[PDB]
file run29.txt (compact mmCIF, C-alpha atoms)
# COMPACT_ATOMS: atom_id res chain seq x y z
CA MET O 1 -30.89 -24.67 43.27
CA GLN O 2 -27.42 -23.22 42.66
CA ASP O 3 -28.97 -21.38 39.66
CA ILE O 4 -31.48 -19.71 41.98
CA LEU O 5 -28.79 -18.77 44.52
CA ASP O 6 -26.55 -17.31 41.78
CA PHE O 7 -29.51 -15.30 40.45
CA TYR O 8 -29.42 -13.15 43.60
CA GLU O 9 -26.34 -11.51 42.04
CA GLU O 10 -28.46 -10.47 39.00
CA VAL O 11 -31.50 -9.14 40.89
CA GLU O 12 -30.16 -5.55 40.98
CA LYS O 13 -29.88 -5.48 37.19
CA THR O 14 -33.54 -6.40 36.56
CA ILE O 15 -36.18 -3.80 35.73
CA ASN O 16 -37.55 -3.90 39.27
CA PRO O 17 -35.09 -5.35 41.75
CA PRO O 18 -37.54 -5.54 44.72
CA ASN O 19 -39.98 -7.63 42.67
CA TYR O 20 -37.24 -10.02 41.53
CA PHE O 21 -35.72 -10.28 45.02
CA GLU O 22 -38.96 -11.54 46.61
CA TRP O 23 -39.59 -13.77 43.60
CA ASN O 24 -36.15 -15.34 43.75
CA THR O 25 -36.61 -16.06 47.44
CA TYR O 26 -39.97 -17.74 46.67
CA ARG O 27 -38.12 -19.89 44.07
CA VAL O 28 -35.79 -21.14 46.86
CA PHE O 29 -38.70 -22.22 49.08
CA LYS O 30 -40.65 -23.72 46.19
CA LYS O 31 -37.59 -25.79 45.22
CA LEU O 32 -36.90 -26.93 48.80
CA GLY O 33 -40.44 -28.28 48.81
CA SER O 34 -41.98 -30.32 51.65
CA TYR O 35 -44.61 -27.62 52.40
CA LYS O 36 -48.36 -27.84 52.83
CA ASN O 37 -48.97 -24.36 51.38
CA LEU O 38 -46.73 -21.74 49.77
CA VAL O 39 -48.29 -18.32 49.13
CA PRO O 40 -46.36 -15.63 47.22
CA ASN O 41 -47.87 -12.20 47.79
CA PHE O 42 -47.11 -10.95 44.27
CA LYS O 43 -48.08 -11.79 40.71
CA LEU O 44 -46.37 -12.97 37.56
CA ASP O 45 -46.92 -11.59 34.08
CA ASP O 46 -47.55 -13.82 31.08
CA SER O 47 -43.80 -14.36 30.61
CA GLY O 48 -43.50 -15.69 34.18
CA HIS O 49 -41.74 -12.48 35.33
CA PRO O 50 -42.61 -11.18 38.79
CA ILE O 51 -44.51 -7.90 38.55
CA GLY O 52 -45.40 -7.09 42.17
CA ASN O 53 -49.05 -6.15 42.70
CA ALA O 54 -48.88 -7.28 46.33
CA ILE O 55 -51.87 -7.24 48.64
CA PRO O 56 -51.32 -4.47 51.26
CA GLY O 57 -50.90 -5.67 54.85
CA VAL O 58 -49.76 -9.23 53.99
CA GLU O 59 -46.28 -10.78 54.22
CA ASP O 60 -44.20 -11.14 51.05
CA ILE O 61 -44.23 -14.97 51.17
CA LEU O 62 -45.85 -17.46 53.52
CA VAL O 63 -44.72 -21.08 53.71
CA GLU O 64 -46.83 -23.40 55.86
CA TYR O 65 -45.24 -26.67 56.91
CA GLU O 66 -46.85 -29.36 58.99
CA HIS O 67 -45.85 -28.13 62.42
CA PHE O 68 -44.97 -24.48 61.84
CA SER O 69 -44.98 -21.62 59.36
CA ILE O 70 -42.41 -19.13 58.10
CA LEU O 71 -43.38 -15.65 56.98
CA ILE O 72 -40.66 -14.45 54.64
CA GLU O 73 -40.09 -10.69 54.31
CA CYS O 74 -37.62 -9.51 51.65
CA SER O 75 -36.07 -6.06 51.42
CA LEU O 76 -33.21 -4.49 49.47
CA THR O 77 -33.35 -1.46 51.82
CA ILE O 78 -30.28 -0.89 53.96
CA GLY O 79 -29.35 1.33 56.91
CA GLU O 80 -31.85 3.17 59.12
CA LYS O 81 -34.35 3.16 56.22
CA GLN O 82 -34.57 -0.60 56.79
CA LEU O 83 -36.06 0.12 60.21
CA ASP O 84 -38.25 2.97 58.96
CA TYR O 85 -39.59 1.04 55.94
CA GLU O 86 -39.82 -2.55 57.23
CA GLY O 87 -39.75 -2.66 61.05
CA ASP O 88 -43.46 -2.12 61.68
CA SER O 89 -44.82 -4.19 58.81
CA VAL O 90 -42.50 -7.16 59.63
CA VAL O 91 -43.73 -7.24 63.21
CA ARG O 92 -47.36 -6.51 62.34
CA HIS O 93 -47.59 -9.32 59.81
CA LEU O 94 -46.24 -11.82 62.31
CA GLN O 95 -48.53 -10.59 65.08
CA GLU O 96 -51.49 -10.98 62.77
CA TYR O 97 -50.54 -14.48 61.68
CA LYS O 98 -49.85 -15.55 65.28
CA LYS O 99 -53.50 -14.77 66.15
CA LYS O 100 -54.18 -18.18 64.51
CA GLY O 101 -52.32 -20.01 67.28
CA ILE O 102 -49.89 -21.69 64.86
CA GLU O 103 -46.18 -21.86 65.60
CA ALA O 104 -44.56 -19.28 63.24
CA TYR O 105 -41.30 -17.42 62.62
CA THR O 106 -40.46 -14.56 60.32
CA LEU O 107 -37.37 -14.87 58.18
CA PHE O 108 -36.34 -11.35 57.16
CA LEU O 109 -33.92 -11.38 54.18
CA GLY O 110 -31.83 -8.32 53.40
CA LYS O 111 -28.50 -7.39 51.76
CA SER O 112 -27.28 -6.27 55.15
CA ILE O 113 -29.03 -6.16 58.52
CA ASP O 114 -29.25 -2.74 60.17
CA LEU O 115 -28.61 -2.68 63.93
CA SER O 116 -31.62 -0.42 64.69
CA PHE O 117 -33.83 -2.83 62.72
CA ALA O 118 -32.34 -5.79 64.67
CA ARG O 119 -33.07 -3.98 67.93
CA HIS O 120 -36.67 -3.50 66.80
CA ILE O 121 -37.38 -7.08 65.70
CA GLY O 122 -35.60 -8.47 68.75
CA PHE O 123 -38.11 -6.81 71.13
CA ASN O 124 -40.25 -9.89 71.80
CA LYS O 125 -38.73 -13.14 70.64
CA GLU O 126 -41.37 -15.20 72.43
CA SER O 127 -44.49 -13.89 70.72
CA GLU O 128 -42.92 -12.22 67.65
CA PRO O 129 -39.81 -14.27 66.67
CA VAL O 130 -37.97 -12.76 63.71
CA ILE O 131 -34.69 -14.11 62.36
CA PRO O 132 -32.79 -11.66 60.12
CA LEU O 133 -30.45 -13.11 57.49
CA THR O 134 -28.28 -11.48 54.87
CA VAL O 135 -28.43 -12.93 51.38
CA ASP O 136 -24.94 -14.41 51.86
CA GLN O 137 -26.04 -16.09 55.10
CA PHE O 138 -29.21 -17.44 53.49
CA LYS O 139 -27.24 -18.88 50.56
CA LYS O 140 -24.89 -20.58 53.05
CA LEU O 141 -27.91 -21.99 54.92
CA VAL O 142 -29.53 -23.37 51.75
CA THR O 143 -26.22 -24.90 50.54
CA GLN O 144 -25.56 -26.49 53.92
CA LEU O 145 -29.10 -27.94 53.80
CA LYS O 146 -29.05 -29.21 50.21
CA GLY O 147 -25.50 -29.36 48.82
CA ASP O 148 -24.83 -32.92 49.95
CA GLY O 149 -28.15 -34.34 48.69
CA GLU O 150 -29.93 -34.53 52.07
CA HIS O 151 -33.76 -34.66 51.87
CA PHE O 152 -35.22 -31.38 52.99
CA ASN O 153 -36.70 -31.76 56.44
CA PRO O 154 -38.70 -28.62 57.41
CA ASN O 155 -38.28 -29.60 61.08
CA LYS O 156 -34.51 -29.27 60.76
CA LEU O 157 -35.05 -25.78 59.35
CA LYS O 158 -37.28 -24.99 62.36
CA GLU O 159 -34.50 -26.12 64.76
CA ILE O 160 -31.95 -23.95 62.95
CA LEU O 161 -34.23 -20.87 63.02
CA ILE O 162 -34.77 -21.37 66.79
CA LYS O 163 -30.99 -21.60 67.30
CA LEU O 164 -30.41 -18.43 65.22
CA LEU O 165 -33.24 -16.60 67.01
CA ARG O 166 -31.22 -16.50 70.24
CA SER O 167 -34.27 -16.02 72.46
CA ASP O 168 -31.87 -15.76 75.42
CA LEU O 169 -30.63 -12.45 74.02
CA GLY O 170 -32.77 -9.39 74.59
CA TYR O 171 -33.34 -6.59 72.13
CA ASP O 172 -30.39 -4.58 73.47
CA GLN O 173 -28.01 -7.46 72.69
CA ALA O 174 -28.37 -6.92 68.96
CA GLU O 175 -24.63 -6.70 68.28
CA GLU O 176 -24.02 -10.06 69.93
CA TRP O 177 -27.01 -11.57 68.17
CA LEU O 178 -25.98 -10.52 64.69
CA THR O 179 -22.41 -11.70 65.42
CA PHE O 180 -23.76 -15.10 66.41
CA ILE O 181 -25.71 -15.47 63.17
CA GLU O 182 -22.74 -14.51 61.05
CA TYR O 183 -20.41 -16.81 63.02
CA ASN O 184 -22.76 -19.77 62.65
CA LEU O 185 -23.39 -19.04 58.94
CA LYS O 186 -21.47 -16.27 57.04

call {"tool": "encode", "arguments": {"input": "run29.txt", "output": "structure tokens"}}
result
Amino acid sequence: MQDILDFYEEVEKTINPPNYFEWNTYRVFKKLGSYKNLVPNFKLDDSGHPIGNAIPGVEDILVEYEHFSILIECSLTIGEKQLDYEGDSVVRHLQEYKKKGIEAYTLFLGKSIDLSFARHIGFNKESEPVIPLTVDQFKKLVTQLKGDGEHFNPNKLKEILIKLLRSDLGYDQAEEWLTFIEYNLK
């Protein structure tokens, strides 16, 4: 697992960083295990390298656990372009999945979380819960989960995502929300 986490620092030097970023994130969830289904929305070439070829309109990665699902959306885009490029598709994918009636969260993974994007995805935390993490926060989360040899319990991950969601905070409390996530993780 530490190998996968360290590889995030090499993603930007690959031939197609976006493809390797989503792939590396899939490797984390595959290694954590304990899922019923894990669906990467991209393909591998014959050397096992990610090569994109995503289906339009579908989340980057879906992991279905027994009692809930996580849609994982990965982007190397920063600043207001993060909102412009990802805001609508992140929310739309979750809305679509939630039509199934299954408890689900989106984990959005970026290098840095833009405040306008956070305001957008914080609009409806009841029906469209999205938890934004930076790569550094996500690494901390994985290491806290696995570094001491604890079995991976998806239900513990669900509890953590609900805590980090801060459903008590409305969209216009984005500064406080992102501070809370950082403070809890880092």

call {"tool": "atom_distance", "arguments": {"input": "run29.txt", "atom1": "atom CA of residue 107 of chain O", "atom2": "atom CA of residue 75 of chain O"}}
result
11.2 Å

call {"tool": "residues_around", "arguments": {"input": "run29.txt", "residues": "residue 5 of chain O", "least_positions_apart": "5", "cutoff": "10 Å", "atoms": "only C-alpha atoms", "output": "ChimeraX atom specification"}}
result
/O:10,24-25,27-28,135-136,138-140,142-143

call {"tool": "residues_around", "arguments": {"input": "run29.txt", "residues": "residue 78 of chain O", "least_positions_apart": "3", "cutoff": "7 Å", "atoms": "all atoms listed in the file", "output": "VMD selection string"}}
result
chain O and resid 81 to 82 112 114

call {"tool": "closest_residue", "arguments": {"input": "run29.txt", "among": "O:92, O:119, O:100, O:67", "to": "residue 173 of chain O", "atoms": "only C-alpha atoms"}}
result
O:119

call {"tool": "atom_distance", "arguments": {"input": "run29.txt", "atom1": "atom CA of residue 99 of chain O", "atom2": "atom CA of residue 69 of chain O"}}
result
12.9 Å

call {"tool": "closest_residue", "arguments": {"input": "run29.txt", "among": "O:58, O:76, O:145, O:161", "to": "residue 17 of chain O", "atoms": "only C-alpha atoms"}}
result
O:76

call {"tool": "residues_around", "arguments": {"input": "run29.txt", "residues": "residue 55 of chain O", "least_positions_apart": "6", "cutoff": "10 Å", "atoms": "all atoms listed in the file", "output": "PyMOL selection string"}}
result
chain O and resi 41-43

call {"tool": "atom_distance", "arguments": {"input": "run29.txt", "atom1": "atom CA of residue 110 of chain O", "atom2": "atom CA of residue 153 of chain O"}}
result
24.1 Å

call {"tool": "closest_atom_pairs", "arguments": {"input": "run29.txt", "of": "segment 54-139 of chain O", "to": "segment 35-40 of chain O", "cutoff": "9 Å", "atoms": "only C-alpha atoms", "output": "JSON lines"}}
result
{"residue": "O:54", "atom": "CA", "partner": "O:40", "partner_atom": "CA", "distance": 8.8}
{"residue": "O:59", "atom": "CA", "partner": "O:40", "partner_atom": "CA", "distance": 8.5}
{"residue": "O:60", "atom": "CA", "partner": "O:40", "partner_atom": "CA", "distance": 6.3}
{"residue": "O:61", "atom": "CA", "partner": "O:40", "partner_atom": "CA", "distance": 4.5}
{"residue": "O:62", "atom": "CA", "partner": "O:39", "partner_atom": "CA", "distance": 5.1}
{"residue": "O:63", "atom": "CA", "partner": "O:38", "partner_atom": "CA", "distance": 4.5}
{"residue": "O:64", "atom": "CA", "partner": "O:37", "partner_atom": "CA", "distance": 5.1}
{"residue": "O:65", "atom": "CA", "partner": "O:35", "partner_atom": "CA", "distance": 4.7}
{"residue": "O:66", "atom": "CA", "partner": "O:36", "partner_atom": "CA", "distance": 6.5}

call {"tool": "closest_residue", "arguments": {"input": "run29.txt", "among": "O:26, O:124, O:56, O:164", "to": "residue 1 of chain O", "atoms": "all atoms listed in the file"}}
result
O:26

call {"tool": "axis_aligned_box", "arguments": {"input": "run29.txt", "around": "segment 169-183 of chain O", "padding_each_side": "4 Å", "output": "JSON"}}
result
{"center_x": -26.9, "center_y": -10.7, "center_z": 67.8, "size_x": 20.9, "size_y": 20.2, "size_z": 21.5}

call {"tool": "closest_residue", "arguments": {"input": "run29.txt", "among": "O:169, O:157, O:94, O:74", "to": "residue 123 of chain O", "atoms": "all atoms listed in the file"}}
result
O:169

call {"tool": "closest_residue", "arguments": {"input": "run29.txt", "among": "O:77, O:156, O:111, O:117", "to": "residue 9 of chain O", "atoms": "only C-alpha atoms"}}
result
O:111

call {"tool": "closest_residue", "arguments": {"input": "run29.txt", "among": "O:91, O:155, O:4, O:68", "to": "residue 30 of chain O", "atoms": "all atoms listed in the file"}}
result
O:4

call {"tool": "residues_around", "arguments": {"input": "run29.txt", "residues": "residue 126 of chain O", "least_positions_apart": "2", "cutoff": "10 Å", "atoms": "all atoms listed in the file", "output": "ChimeraX atom specification"}}
result
/O:122-124,128-130,165,167-168
